[PDB]
């Protein structure tokens, strides 16, 4: 069946550093001569709302300690951009991979390298949900852990920097420009996220994977078009489906149109009746179209 996996982490591990300001420690990402980290590393050890403009104005460069594998880098300057700091260091990372910065959209899959004290401990795949949170596995100190994707040509897309955990347990991050996904605050406030929607594009991909693994009991004989599904979706907690043309690869290899799968989703939403689909007892929005194509065909 399908397994969530991560892309290999080697090229990203060499960019992880330990960033300390005063007593506070978290992780940063060292690319060229710049270390990016969450700005809340300079927050005071009080429990009130943080005034970041005052925190930044009173910042002292000598209070920073930035290190990679216990080797200390010299801090040259620091600027604040949204919810991140860009710490200029006197040494460029000789292991900087070919890379770009990319802002995720809901439904995008990516990889997390979970880090503590500047040392990677785990790697896993995740999906950005419609409420702009992820379900990671993080403990205290994971802030600044990077999320990434690796393109076919080897370019690393840096797309997520871990920021905070919500009361629900959901995880919030920024991109490398400092924009927080979902515009949550890097504050000790109570923040309740919107409810997540089922990612209809992923459920379609999952059903195509089921057809390709011989699992076909659930297949509706009839069809519903995109307009009818999207009307149903917004009344039943699903996203609108993108476009039928995106699935041309899987539609061609199975001979099943997206509209047949949309009809099947409407049936299966009410329940499976004790049966399962690839080990799942309800519809699965964990896997993207591209993940299904890669895991089935290597493309």
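We call the rigid core whatever largest set of C-alpha positions still superposes within 1.5 Å between the two forms. Residue numbers count along the first chain shown, from 1.
The higher RMS C-alpha distance to the shown form in 5 other deposited structures of this protein, out of 199 to 207 and 181 to 189, belongs to 181 to 189, with every structure fitted on the core. Displacement analysis by core superposition in 5 other deposited structures of this protein ranks 216 to 224 above the other of 216 to 224 and 112 to 120 in root-mean-square C-alpha distance from the shown form. In this entry, the higher average B-factor at the C-alpha atoms falls on 249 to 257, of the pair 34 to 42 and 249 to 257. Mean CA temperature factor is higher for 203 to 211 when stretches 203 to 211 and 159 to 167 are set side by side in the entry. Between the residues 284, 289, 12, 19, the entry's highest C-alpha temperature factor is the one at 284. Among 135, 95, 216, 98, the highest C-alpha B-factor in the deposited entry belongs to 216.
Ranked by Cα temperature factor within the chain, residue 120 sits in the lowest third according to the deposited record.
When the CA B factors of the chain's modelled residues are split into thirds, the value for residue 198 lands in the middle one. Residue 66: CA B factor lies in the middle third for its chain, per the PDB record. In the deposited entry, the Cα temperature factor of residue 175 sits in the bottom third of values across the chain's modelled residues. Among all modelled residues in its chain, residue 141 ranks in the lowest third by Cα B-factor.
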